[PDB]
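Each remark here refers to the structure printed beneath this line.
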2 protein chains.
Amino acid sequence: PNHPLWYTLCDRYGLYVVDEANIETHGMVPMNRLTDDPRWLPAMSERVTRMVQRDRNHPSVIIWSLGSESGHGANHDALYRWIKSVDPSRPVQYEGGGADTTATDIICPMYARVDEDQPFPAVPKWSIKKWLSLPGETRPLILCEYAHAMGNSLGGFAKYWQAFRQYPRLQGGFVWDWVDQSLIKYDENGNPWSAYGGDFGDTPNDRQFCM
Amino acid sequence: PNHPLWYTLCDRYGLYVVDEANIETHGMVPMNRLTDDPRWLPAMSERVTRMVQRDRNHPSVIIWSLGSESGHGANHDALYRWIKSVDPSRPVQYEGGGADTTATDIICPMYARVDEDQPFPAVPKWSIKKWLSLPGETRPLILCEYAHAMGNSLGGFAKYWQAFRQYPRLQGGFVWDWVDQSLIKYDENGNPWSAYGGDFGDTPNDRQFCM
Ligand code: NA
Ligand code: NA
Ligand code: NA
Ligand code: NA
């Protein structure tokens, strides 16, 4: 969840917002170790319920999100249903555990490609055109993250837009991402320079991956 | 419906067969002028019912078809349902009126392209990949006709097969078609030559479109 003023601004300037619970357990092995564990349900629920309680009157928020990169656990399913009872007015999405689980109203993969399948075991990233028509699948597909803009990037961006325009159920997505997470440091002459991971003696770090 | 031996041979050699009622009204304006007319329902029904009564014991027949290029009329709906009641063991298909009407269990377009849309009014031919994922569509897609093999043709055939293999609900199709409809004539030396439309003093005619 963001600074309160963000929603006010999006309400007034006009931006659709996906409001996302502060839950990410990416580093767990496997990724759902905590989110499938009933002992973590209370800490998890507070992160979801207190978000909804805070932001549910903002017109800009059109979609609720259960968080990011925490696999798919039973806690997700419980919290999905909690939102659906409490606030039927907005769809709930969540990418974890394969982007098309029972905890999401929207097929919301990250970095699924337009035409090329990436058949990873358990959590494949189908071509978004193919994903739509898998046997029994009926939901819309909006990419929660796509077109990783790291450095000299965004090659093949037009391919996504052509597909979005041709397919009714391909309804767009969210680029990753808006702003480089570089921080200012100063050299000996007091001159500013953009720093990334490692430049603060931080180790282990992931270098330029923050940009 | 074919010569009775054809089915016996498909039974024993192993080919899947689409058995098709002898109904085509292509030259009507509009195409369904007769098939939407209840006065022509008796004649159409005999063409459908007497086929089922003849061929329903052949294992090689796996799909019934209501006929060919006759638009979509109410008579098709009624006869679709007749077959569904009398023989539940086989799907019913029909391409008329846009290939996805209420008279077909199978989206069965003719010459629908792989990636390219052809948005004709009333009866569009969507890209087959797009067609599957149209809002609310669930049915399998098998082209009743594709890859028109007229003269030096079959350019782009590989494109179909790549897509058939990638998309579960793209379950293939039926090439148009098996054998040139040329006839033998004889020159003044008595040597045979391949003749087509117009070569018998037939007028008007559609020339080589029979091959
Ligand atoms: Na779209
Ligand atoms: Na990053
Ligand atoms: Na297929
Ligand atoms: Na022809």
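As a basis for the values below, the full set of heavy atoms in this structure was taken, side chains included, without hydrogen atoms, waters or symmetry mates. To find a chain, count down the sequence lines: A is the first, B the second, and so on, and within it residues start at 1.
The aromatic rings of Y111(A) and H148(A) stand perpendicular to each other, their planes meeting at an angle above 60°, with 30° marking the opposite boundary.
At a heavy-atom separation below 4.5 angstrom, chain A is approached by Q166(B), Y167(B), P168(B), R169(B) within residues 151-178 of chain B. Contact annotation for residues 31-69 of chain B against chain A (heavy-atom separation below 4.5 Å): no residues qualify. Of all residues in residues 6-23 of chain B, none places a non-hydrogen atom less than 4.5 angstrom from a non-hydrogen atom of chain A.
Without hydrogens or angle criteria, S182(A) side chain to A195(A) main chain gives no donor-acceptor distance under 3.5 Å. Within the 3.5 Å criterion, the main-chain N or O of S89(A) finds a donor-acceptor partner in the side chain of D87(A). Side chain of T101(B) to main chain of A103(B): a donor-acceptor pair is present (N/O by atom type, distance under 3.5 Å, no hydrogens or angles). A donor-acceptor contact shorter than 3.5 Å is absent between the side chain of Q93(B) and the backbone of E95(B). Between the side chain of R81(B) and the backbone N or O of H76(B), no donor-acceptor pair lies under 3.5 Å.
The salt bridge (charged side-chain N to carboxylate O under 4.0 Å, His left out) analysis of residues 103-130 of chain A, with sequence neighbours excluded, yields the pairs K84(A)-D105(A), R113(A)-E116(A), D115(A)-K129(A), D117(A)-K130(A).
Under the 6.0 Å cut-off for aromatic ring centres, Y80(A) and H72(A) do not qualify, their centroids lying 6.0 Å or more apart.
The distance from the CG atom of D77(A) to the CG atom of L79(A) is 9.5 Å, given to the nearest 0.5 Å.
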